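Chemist: Handing you this structure, nothing more for now.
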Amino acid sequence: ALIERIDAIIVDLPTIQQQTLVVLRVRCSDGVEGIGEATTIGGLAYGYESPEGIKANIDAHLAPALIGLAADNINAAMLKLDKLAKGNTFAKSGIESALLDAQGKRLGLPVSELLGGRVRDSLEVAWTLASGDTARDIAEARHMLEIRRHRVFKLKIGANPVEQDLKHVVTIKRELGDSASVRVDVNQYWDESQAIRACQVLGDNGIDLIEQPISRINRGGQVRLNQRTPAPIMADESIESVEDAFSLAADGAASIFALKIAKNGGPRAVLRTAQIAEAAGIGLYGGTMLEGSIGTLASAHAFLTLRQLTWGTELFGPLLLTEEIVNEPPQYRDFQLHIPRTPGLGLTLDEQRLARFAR
Amino acid sequence: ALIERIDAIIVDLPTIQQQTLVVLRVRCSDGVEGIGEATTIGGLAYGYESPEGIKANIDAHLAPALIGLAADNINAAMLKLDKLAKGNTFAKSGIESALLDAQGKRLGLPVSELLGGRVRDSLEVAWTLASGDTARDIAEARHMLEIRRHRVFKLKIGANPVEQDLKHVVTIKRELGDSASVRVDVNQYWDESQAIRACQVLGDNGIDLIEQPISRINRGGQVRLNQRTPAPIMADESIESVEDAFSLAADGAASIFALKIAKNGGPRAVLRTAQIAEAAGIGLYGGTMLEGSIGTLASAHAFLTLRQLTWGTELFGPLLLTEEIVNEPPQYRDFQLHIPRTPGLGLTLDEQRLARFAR
Amino acid sequence: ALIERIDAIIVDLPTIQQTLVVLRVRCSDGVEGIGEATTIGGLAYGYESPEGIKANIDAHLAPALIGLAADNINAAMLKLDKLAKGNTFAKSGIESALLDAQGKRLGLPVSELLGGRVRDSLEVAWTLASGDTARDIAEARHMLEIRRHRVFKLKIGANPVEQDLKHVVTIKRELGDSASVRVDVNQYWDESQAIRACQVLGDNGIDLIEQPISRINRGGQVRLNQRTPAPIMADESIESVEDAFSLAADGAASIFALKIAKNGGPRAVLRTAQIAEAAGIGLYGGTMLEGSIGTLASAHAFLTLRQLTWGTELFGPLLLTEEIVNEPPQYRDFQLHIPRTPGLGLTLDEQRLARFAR
Amino acid sequence: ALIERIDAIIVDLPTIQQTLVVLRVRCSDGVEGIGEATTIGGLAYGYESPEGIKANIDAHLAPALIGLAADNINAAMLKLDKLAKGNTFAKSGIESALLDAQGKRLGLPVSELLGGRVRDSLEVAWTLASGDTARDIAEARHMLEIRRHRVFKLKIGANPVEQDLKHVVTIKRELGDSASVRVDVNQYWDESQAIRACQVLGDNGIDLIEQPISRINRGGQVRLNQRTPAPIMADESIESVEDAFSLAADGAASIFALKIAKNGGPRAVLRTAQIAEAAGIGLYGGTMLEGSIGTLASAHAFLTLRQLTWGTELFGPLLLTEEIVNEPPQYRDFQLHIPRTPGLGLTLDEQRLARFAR
């Protein structure tokens with residue numbers, strides 16, 4: 001089987017205002033087509049790759065290089081892209097995901113099987129409390145706990161005065177008590193001078209982990225916080241490649257790594273980061289860039305092969321979408337995401353919805 | 001335009017007993033004259049440069065080297081002074097300030113514009129509670145808060161027994177509560193054996209940051225305190241040059257840097273320190289050597305170009321003066337210092353007051 | 001003066017082809033600023049490709065600046081940093097254009113806007129690219145003859161080590177003291193290969209070794225910086241100003257190559273240059289092979305530096321057969337000469353722009 | 001397909017004897033996978049001996065896998081990690097057999113199961129073992145003559161330093177550029193001896209120095225990695241994948257020897273290989289002198305690596321006079337050629353298996 005065609009479609013989907021995704025379709029000579037997803041959050045704010053640049057680069061450089069190569073030699077295809085292109089992990093993630101989807105369908109096996117074999121069939125899924133209103137957040141958390149959908153919550157902070165964000169988080173934790181795990185994500189917003197007292201308060205008031213309190217540019221401060229923060233520090237934005245992860249582990253910059261296929265280069269590349277982490281004794285967390293079912297499931301097939309994910313995952317992207325361009329709704333039940341053992345990613349494109357939302 | 005003349009005038013001004021300033025006047029061939037200020041605190045106690053030495057060095061070495069050079073090539077003039085003179089940052093600060101003032105007037109642009117462009121028009125201004133009497137300090141702080149002049153206060157400590165200074169500060173903080181930010185400046189007075197418990201008490205009792213607890217000679221202790229003090233440590237006296245700042249950031253000696261044009265070599269030189277800080281993720285604070293409006297405004301035009309100043313500034317020098325040798329009183333209103341977009345520093349000399357206070 | 005419109009045009013020029021991205025920033029006061037965001041061969045030398053650069057300027061970068069004050073460049077650039085991470089080549093092209101418009105507006109050269117120059121010309125190196133030893137030596141001798149270049153660079157690492165080594169050493173052997181010979185490995189070797197390679201190179205009079213190993217091996221660069229008999233230069237290890245700080249703090253290189261495209265503009269490159277100065281690191285004016293516009297923006301910044309120990313490699317325009325600029329760069333007596341005219345001192349050749357635009 | 005039975009058979013083969021442990025994993029779907037757990041001379045080169053390997057597979061390892069899904073190798077291997085610590089040789093033999101059965105099942109070669117190959121053959125070194133200088137040079141010249149090997153390894157450290165040094169240098173002196181000469185000290189020297197030895201070696205064109213000192217001297221390897229003029233290779237310092245991480249984090253070697261037996265299988269060795277790639281470390285395909293089965297399992301993994309700077313030493317089968325496999329390894333033109341047939345592309349020679357089994 002040879003790679004015959006690769007399409008990159010930008011889609012704008014409505015949310016509970018809209019999430020933009022880059023859907024990849026790779027048609028192989030044997031009639032099999034694989035699908036993948038390259039998604040990011042708000043244009044360029046969460047990465048150098050935007051949906052437009054991703055499409056531009058796939059069309060102009062990445063796809064032309066693969067047409068005519070064997071579909072079933074995923075290693076050769078990706079190694080070729082690395083040689084031709086520096087970075088561009090989001091784009092490479094979608095392509096790898098599509099190639100793995102296609103190979104799974106072709107052999108009748110699920111992607112996790114191609115990746116070695118699963119050790120579980122479901123994954124714990126956290127939930128971001130996003131209203132900004134403390135009371136609403138508490139109400140929402142209790143509701144999600146009642147319907148058994150989530151029991152691990154995450155608050156995004158850093159954009160308001162430190163004391164304001166602190167008050168918010170500590171209040172939600174006191175109210176929920178030991179009924180739920182509460183974590184925070186600062187997304188590099190604080191500088192070390194701010195993080196010093198903040199991490200102390202958070203750690204002292206029951207917050208389980210602090211995700212990326214300061215900027216990736218301050219490597220030394222990450223090492224110091226990793227030694228002094230009462231709550232463990234998780235690296236997210238500091239990881240923009242498998243080599244970054246090695247670098248962070250050697251320095252003792254964090255005790256937990258967020259695993260994101262988009263920042264590593266696909267399902268196989270995230271397993272390298274995970275393995276570097278495992279070799280050094282660093283805890284794992286299944287991360288997301290809020291992708292729909294394709295990218296969420298591609299991430300999921302990889303995480304199912306992992307020995308332990310001490311902190312669970314945050315694969316809730318599909319729950320934020322009102323519409324999807326896939327026909328099979330994901331299974332969220334009893335605090336987890338359940339993954340089928342069907343061929344490939346086990347997804348089928350909703351051609352009607354794809355045409356409607358494509359731009 | 002060529003630099004035609006440079007005068008260095010020592011002036012003794014009355015305070016709320018007196019502050020000595022070195023006023024610089026640079027006359028260029030096109031009729032434009034720029035003004036600058038080289039000021040220090042109490043002779044030689046806060047630096048190697050005294051008003052007398054500054055005047056001696058400007059007259060004998062620094063000025064002669066610039067006469068006849070182009071007024072509008074500030075980079076060439078300063079680089080020339082560095083080649084001819086080691087250190088002498090206070091003197092160089094006044095000259096740069098005067099050269100930037102002159103160039104701004106010449107092109108009709110404010111100094112901040114020459115420095116790249118402002119991102120704000122006003123700056124938060126802290127206030128030093130100096131009576132030494134706890135009760136008076138509390139009374140003063142409440143008054144300044146009431147008239148909306150200051151909401152960030154700083155206590156200078158280190159000269160009395162540790163417990164005495166500690167009691168003083170903690171009492172002022174308990175009384176003011178969350179209505180004001182309270183910070184301390186030890187000016188290198190403690191040794192590390194003292195700072196260990198002191199920083200712990202201060203940090204535990206609501207003090208936001210500790211400025212220069214120990215001597216610049218103990219680099220290792222600054223690194224340790226930066227890791228163990230509950231409240232972030234700010235470097236001030238450890239910075240006597242742009243290279244010192246780089247050195248301190250590489251060592252992880254402090255999480256905040258006080259920015260002073262006098263200790264760096266002028267407005268442009270302080271931007272280098274700030275940039276080294278920004279590149280390493282270190283927080284910034286706009287410092288002062290208690291200069292009048294000229295040096296305060298020269299400092300201000302530089303700080304307005306900075307992305308963030310997590311800790312505000314302490315540009316309150318003019319408020320301590322009963323008389324000034326400048327005609328335009330500075331704008332302090334609603335907790336801040338407001339900076340005009342007028343040419344140069346936007347100041348004019350009060351020739352009558354200058355003649356009267358010159359010595 | 002407000003920013004009214006920003007045009008990003010992809011142009012393919014023939015070489016002795018090179019794809020450039022030309023920026024045109026028109027301001028409400030009638031002043032137009034021009035800039036250039038250029039890379040080498042698609043995505044092989046950076047994360048940005050001409051197509052992605054344009055896509056991003058058109059969809060994100062430019063929209064954020066329309067209506068802003070054209071004269072407050074710091075404010076404009078700080079806005080792009082907030083809306084987009086990375087994207088240094090695009091950001092560089094935009095800043096260059098702003099500084100150009102501002103120079104024209106004030107009737108001052110970009111170098112003055114950046115503080116004031118300390119020199120009027122920069123030493124320029126030349127890359128011997130035939131791949132043939134006799135041919136390279138003949139080319140170098142010629143450049144030396146016409147007094148155009150006396151510093152030559154050799155791109156190696158893509159052939160068996162011993163071959164590349166034999167090549168470089170022969171060239172230096174033949175030229176001797178008449179020239180300065182340097183190599184650029186562009187991250188091709190691994191530490192195990194560079195150990196002996198660096199030793200051999202240094203022992204044979206090569207002045208410097210540019211980026212021998214990959215930026216991913218920080219410990220190796222630190223080791224090579226301490227053991228290589230010839231100084232190690234960082235190039236690809238620098239992808240932002242903070243990287244420069246990081247490398248400096250680690251003692252990973254004794255020389256930093258300075259490229260506006262990799263840092264984000266003539267101002268961002270000065271931040272990198274100053275961090276290096278504060279640490280005692282040697283400087284080198286680098287290039288991404290841009291035409292005159294990009295080369296001149298780089299130049300105006302390099303003219304303000306107290307010292308460029310290893311000179312520059314701003315020979316970019318020389319590789320081109322045609323330019324979309326009206327003023328050809330002045331290359332004479334081993335150097336590039338920069339006028340004191342307003343802005344970048346360049347104007348668009350509308351006719352040729354339309355011809356090579358795509 | 002479930003795992004139905006696992007047989008571990010000790011076989012002694014004559015050499016130009018070597019004891020191997022052959023694994024036969026039979027699955028419920030009729031597919032049989034074969035593997036090999038081999039070490040050199042009892043317990044002198046590892047913690048596992050043929051007798052202990054068998055004892056442990058029979059009493060612990062195998063019982064835990066009976067009934068499990070044959071096609072979920074990761075799940076099976078993670079089970080062994082939990083029930084038994086260490087035991088990499090046994091674990092390696094088992095994984096090799098599973099991958100073989102899975103390749104046969106799917107009709108795909110093991111290299112494809114591991115991701116897909118980037119080459120069809122691997123460069124193979126040869127160990128000159130007569131111990132006699134003239135004899136070694138004659139042997140090397142011959143291998144070069146028949147185009148079988150051009151890279152030779154010399155095992156030293158068991159004689160007075162000056163003697164061993166004199167030996168190696170003479171061989172390199174005589175062969176010159178016609179060949180790549182390397183040494184393996186197998187932890188024989190102490191740091192005080194390696195200081196001068198490494199210097200002399202490097203000065204005389206030896207390409208690399210494999211494991212000069214003991215894994216117990218971490219600081220020394222870090223020092224030797226910074227001072228030795230020739231690159232230092234880690235072999236015995238690697239006894240698990242985590243060790244590889246540790247050595248990489250410390251900057252203890254610039255090259256890692258890759259051996260499935262020391263890491264735990266073709267998959268475990270890829271984990272080690274990738275940690276090395278992430279750090280900029282050079283790779284070398286190593287061996288524990290296994291016959292075709294072990295050599296092929298190693299090979300299929302090495303074919304997926306982007307780069308093996310120093311080649312391999314998969315000459316194991318060549319040392320044997322008889323094999324219990326039906327397909328002889330294809331050694332030609334300095335390399336080992338690996339087919340694309342299902343699994344390891346090998347089948348058991350039942351007749352010979354029974355003859356040499358013990």
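Residues are referred to by chain and number: the chain letter is A, B, ... according to the order shown in the structure tokens, the number counts from 1 in that chain, and ligands are numbered separately from 1 in the order shown.
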Using only C-alpha atoms, determine which residues lie at most 9 Å from residue 254 of chain D, disregarding the query and same-chain residues fewer than 3 positions distant; provide the list as an MDAnalysis selection string.
Modeler: (chainID C and resid 190:193 220) or (chainID D and resid 225 231:234 248 251 280:283)
Chemist: Any idea what's packed within 7 Å of residue 38 of chain B, counting only C-alpha atoms, ignoring anything in its chain fewer than 5 positions away? Could you give it as an mmCIF file with N, CA, C and O atoms, in the first residue's frame?
Modeler:
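File written: result.cif
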data_model
loop_
_atom_site.group_PDB
_atom_site.id
_atom_site.type_symbol
_atom_site.label_atom_id
_atom_site.label_comp_id
_atom_site.auth_asym_id
_atom_site.auth_seq_id
_atom_site.Cartn_x
_atom_site.Cartn_y
_atom_site.Cartn_z
ATOM 1 N N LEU B 21 22.162 67.121 44.820
ATOM 2 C CA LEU B 21 22.027 66.603 43.467
ATOM 3 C C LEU B 21 23.108 67.203 42.579
ATOM 4 O O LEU B 21 23.618 68.297 42.823
ATOM 5 N N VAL B 22 23.435 66.490 41.521
ATOM 6 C CA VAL B 22 24.387 66.997 40.568
ATOM 7 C C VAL B 22 23.516 67.174 39.327
ATOM 8 O O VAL B 22 22.908 66.211 38.850
ATOM 9 N N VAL B 23 23.332 68.428 38.919
ATOM 10 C CA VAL B 23 22.531 68.768 37.754
ATOM 11 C C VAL B 23 23.461 68.950 36.573
ATOM 12 O O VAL B 23 24.460 69.656 36.666
ATOM 13 N N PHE B 90 26.937 56.622 38.015
ATOM 14 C CA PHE B 90 26.108 57.765 38.384
ATOM 15 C C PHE B 90 26.384 58.908 37.415
ATOM 16 O O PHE B 90 25.461 59.497 36.855
ATOM 17 N N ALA B 91 27.668 59.197 37.200
ATOM 18 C CA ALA B 91 28.078 60.267 36.291
ATOM 19 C C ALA B 91 27.580 60.006 34.872
ATOM 20 O O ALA B 91 27.066 60.914 34.215
ATOM 21 N N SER B 93 25.069 58.184 34.050
ATOM 22 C CA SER B 93 23.611 58.231 34.045
ATOM 23 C C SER B 93 23.128 59.645 33.776
ATOM 24 O O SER B 93 22.216 59.855 32.985
ATOM 25 N N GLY B 94 23.747 60.614 34.440
ATOM 26 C CA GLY B 94 23.367 62.001 34.250
ATOM 27 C C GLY B 94 23.645 62.459 32.832
ATOM 28 O O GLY B 94 22.823 63.141 32.208
ATOM 29 N N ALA B 262 21.038 54.984 38.046
ATOM 30 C CA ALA B 262 22.303 55.427 38.641
ATOM 31 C C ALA B 262 23.318 54.312 38.848
ATOM 32 O O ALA B 262 24.527 54.536 38.702
#
Chemist: Compute the set of chain C residues within 9 Å of chain D, using only C-alpha atoms, and express it as a list in words.
Modeler: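 Residues passing the distance filter: residues 190, 191, 192, 193, 195, 196, 199, 213, 214, 215, 216, 217, 218, 219, 220, 223, 224, 226 and 227 of chain C.
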Chemist: Please identify every residue of chain B that has at least one atom no more than 8 Å from any atom of chain C, counting only C-alpha atoms, and report them as a PyMOL selection string.
Modeler: chain B and resi 72-76+79+107+113-114+116-119+242-243+246-247+250+272+275-276+279-280+305+307
Chemist: Taking the DSSP assignment computed from this structure's backbone, write out as a PyMOL selection string all residues of segment 124-271 of chain A that belong to strand (DSSP E).
Modeler: chain A and resi 124+127-128+152-156+181-185+210-211+233-235+256-259
Chemist: Take the selection from the previous step and output its residues with C-alpha atoms, as a compact mmCIF listing (two decimals), in the first residue's frame.
Modeler:
# COMPACT_ATOMS: atom_id res chain seq x y z
CA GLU A 124 -9.89 8.76 34.22
CA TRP A 127 -12.80 18.48 34.06
CA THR A 128 -12.01 22.21 33.86
CA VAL A 152 -11.09 15.50 39.32
CA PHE A 153 -11.31 19.23 38.59
CA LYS A 154 -8.90 21.76 37.18
CA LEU A 155 -8.90 25.54 37.49
CA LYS A 156 -7.11 27.74 35.01
CA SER A 181 -9.26 16.27 43.57
CA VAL A 182 -8.58 19.91 42.73
CA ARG A 183 -5.68 20.97 40.51
CA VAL A 184 -4.62 24.30 38.99
CA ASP A 185 -3.08 25.26 35.61
CA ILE A 210 0.32 22.88 40.15
CA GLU A 211 0.58 22.83 36.36
CA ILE A 233 4.88 20.73 39.82
CA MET A 234 3.81 19.49 36.38
CA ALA A 235 5.59 20.50 33.16
CA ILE A 256 5.09 15.19 36.62
CA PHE A 257 4.85 15.53 32.83
CA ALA A 258 1.70 16.38 30.90
CA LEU A 259 1.59 14.14 27.80
Chemist: How far is it from atom CA of residue 311 of chain C to atom CA of residue 128 of chain C, in Å with one decimal?
Modeler: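 Computed distance, atom CA of residue 311 of chain C to atom CA of residue 128 of chain C, equals 16.7 Å.
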Chemist: For chain A, which residues have at least one atom within 9 Å of chain B, if we go by only C-alpha atoms? Write them as a PyMOL selection string, please.
Modeler: chain A and resi 191-194+196-197+200+214-221+224-225+227-228
Chemist: Compile the contact shell of residue 297 of chain A as a PyMOL selection string: residues with an atom at most 7 Å away, counting only C-alpha atoms, same-chain residues fewer than 4 positions apart removed.
Modeler: chain A and resi 293+301+345
Chemist: Restricting the output to N, CA and C atoms, write the selected residues as a PDB file, in the first residue's frame.
Modeler:
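Once written, part35.pdb looks like this:
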ATOM      1  N   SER A 293     -13.007  14.096  18.925  1.00  0.00           N
ATOM      2  CA  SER A 293     -12.835  12.650  19.078  1.00  0.00           C
ATOM      3  C   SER A 293     -11.646  12.007  18.368  1.00  0.00           C
ATOM      4  N   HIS A 301      -5.402   6.072  22.570  1.00  0.00           N
ATOM      5  CA  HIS A 301      -4.824   4.773  22.247  1.00  0.00           C
ATOM      6  C   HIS A 301      -3.390   4.656  22.736  1.00  0.00           C
ATOM      7  N   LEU A 345      -8.699   3.909  14.826  1.00  0.00           N
ATOM      8  CA  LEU A 345      -9.191   4.804  15.864  1.00  0.00           C
ATOM      9  C   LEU A 345     -10.648   4.469  16.155  1.00  0.00           C
TER      10      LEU A 345
END
Chemist: Closest to residue 53 of chain C among C:3, C:122, C:336, C:261, using only C-alpha atoms?
Modeler: C:261
Chemist: Go through D:123, D:95, D:12, D:184 and flag the residue nearest residue 331 of chain D, using only C-alpha atoms for the distances.
Modeler: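 Counting only C-alpha atoms, the residue closest to residue 331 of chain D is D:123.
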Chemist: Between B:54, B:300, B:63, B:71, which has the minimum distance to residue 87 of chain B (counting only C-alpha atoms)?
Modeler: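 Among B:54, B:300, B:63, B:71, it is B:54 that comes nearest to residue 87 of chain B.
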Chemist: I want to know what sits within 12 Å of residue 68 of chain B, based on only C-alpha atoms, with residues of the same chain fewer than 2 positions away left out; could you give that as a PyMOL selection string?
Modeler: chain B and resi 1-6+26-29+63-66+70-73+77
Chemist: Keeping only N, CA, C and O atoms, write the selected residues to a file as an mmCIF file, in the first residue's frame.
Modeler:
data_model
loop_
_atom_site.group_PDB
_atom_site.id
_atom_site.type_symbol
_atom_site.label_atom_id
_atom_site.label_comp_id
_atom_site.auth_asym_id
_atom_site.auth_seq_id
_atom_site.Cartn_x
_atom_site.Cartn_y
_atom_site.Cartn_z
ATOM 1 N N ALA B 1 24.219 68.239 14.678
ATOM 2 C CA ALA B 1 24.387 68.876 16.021
ATOM 3 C C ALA B 1 25.572 68.264 16.767
ATOM 4 O O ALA B 1 25.710 67.034 16.828
ATOM 5 N N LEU B 2 26.423 69.124 17.314
ATOM 6 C CA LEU B 2 27.594 68.691 18.068
ATOM 7 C C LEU B 2 27.418 69.070 19.531
ATOM 8 O O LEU B 2 26.683 70.005 19.845
ATOM 9 N N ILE B 3 28.058 68.319 20.419
ATOM 10 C CA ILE B 3 28.013 68.610 21.839
ATOM 11 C C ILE B 3 28.987 69.761 22.008
ATOM 12 O O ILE B 3 30.184 69.628 21.727
ATOM 13 N N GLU B 4 28.474 70.893 22.462
ATOM 14 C CA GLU B 4 29.294 72.084 22.627
ATOM 15 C C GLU B 4 29.782 72.380 24.039
ATOM 16 O O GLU B 4 30.889 72.881 24.212
ATOM 17 N N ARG B 5 28.974 72.060 25.045
ATOM 18 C CA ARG B 5 29.332 72.343 26.433
ATOM 19 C C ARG B 5 28.622 71.418 27.432
ATOM 20 O O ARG B 5 27.479 70.998 27.204
ATOM 21 N N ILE B 6 29.287 71.123 28.547
ATOM 22 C CA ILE B 6 28.684 70.298 29.600
ATOM 23 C C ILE B 6 29.033 70.883 30.959
ATOM 24 O O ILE B 6 30.207 71.049 31.290
ATOM 25 N N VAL B 26 23.761 70.047 29.132
ATOM 26 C CA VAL B 26 24.555 69.818 27.937
ATOM 27 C C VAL B 26 24.013 70.690 26.828
ATOM 28 O O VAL B 26 22.835 70.587 26.445
ATOM 29 N N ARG B 27 24.852 71.611 26.369
ATOM 30 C CA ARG B 27 24.463 72.513 25.301
ATOM 31 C C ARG B 27 25.006 71.982 23.986
ATOM 32 O O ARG B 27 26.198 71.685 23.878
ATOM 33 N N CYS B 28 24.107 71.811 23.019
ATOM 34 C CA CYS B 28 24.434 71.324 21.678
ATOM 35 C C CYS B 28 24.496 72.512 20.705
ATOM 36 O O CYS B 28 23.845 73.555 20.932
ATOM 37 N N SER B 29 25.220 72.331 19.597
ATOM 38 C CA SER B 29 25.411 73.395 18.604
ATOM 39 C C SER B 29 24.147 73.972 17.962
ATOM 40 O O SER B 29 24.168 75.105 17.478
ATOM 41 N N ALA B 63 33.481 64.970 30.468
ATOM 42 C CA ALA B 63 33.040 66.006 29.520
ATOM 43 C C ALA B 63 34.042 66.311 28.399
ATOM 44 O O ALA B 63 33.662 66.345 27.218
ATOM 45 N N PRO B 64 35.337 66.512 28.742
ATOM 46 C CA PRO B 64 36.320 66.808 27.702
ATOM 47 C C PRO B 64 36.287 65.797 26.557
ATOM 48 O O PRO B 64 36.380 66.174 25.384
ATOM 49 N N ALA B 65 36.047 64.533 26.889
ATOM 50 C CA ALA B 65 36.000 63.481 25.876
ATOM 51 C C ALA B 65 34.812 63.555 24.891
ATOM 52 O O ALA B 65 34.873 63.017 23.794
ATOM 53 N N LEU B 66 33.760 64.267 25.256
ATOM 54 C CA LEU B 66 32.579 64.347 24.412
ATOM 55 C C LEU B 66 32.421 65.624 23.592
ATOM 56 O O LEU B 66 31.650 65.657 22.624
ATOM 57 N N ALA B 70 29.007 64.139 17.970
ATOM 58 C CA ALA B 70 27.630 64.365 17.551
ATOM 59 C C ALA B 70 26.689 64.159 18.749
ATOM 60 O O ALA B 70 26.801 63.168 19.487
ATOM 61 N N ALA B 71 25.780 65.109 18.946
ATOM 62 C CA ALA B 71 24.825 65.047 20.045
ATOM 63 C C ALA B 71 23.818 63.921 19.871
ATOM 64 O O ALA B 71 23.400 63.276 20.848
ATOM 65 N N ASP B 72 23.431 63.684 18.624
ATOM 66 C CA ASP B 72 22.443 62.662 18.321
ATOM 67 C C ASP B 72 22.937 61.217 18.200
ATOM 68 O O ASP B 72 22.178 60.326 17.804
ATOM 69 N N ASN B 73 24.215 60.977 18.479
ATOM 70 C CA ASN B 73 24.708 59.607 18.430
ATOM 71 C C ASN B 73 25.009 59.259 19.880
ATOM 72 O O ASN B 73 26.155 59.311 20.335
ATOM 73 N N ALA B 77 28.649 58.111 21.992
ATOM 74 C CA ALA B 77 29.123 58.891 23.130
ATOM 75 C C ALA B 77 29.298 58.058 24.402
ATOM 76 O O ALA B 77 30.317 58.182 25.088
#
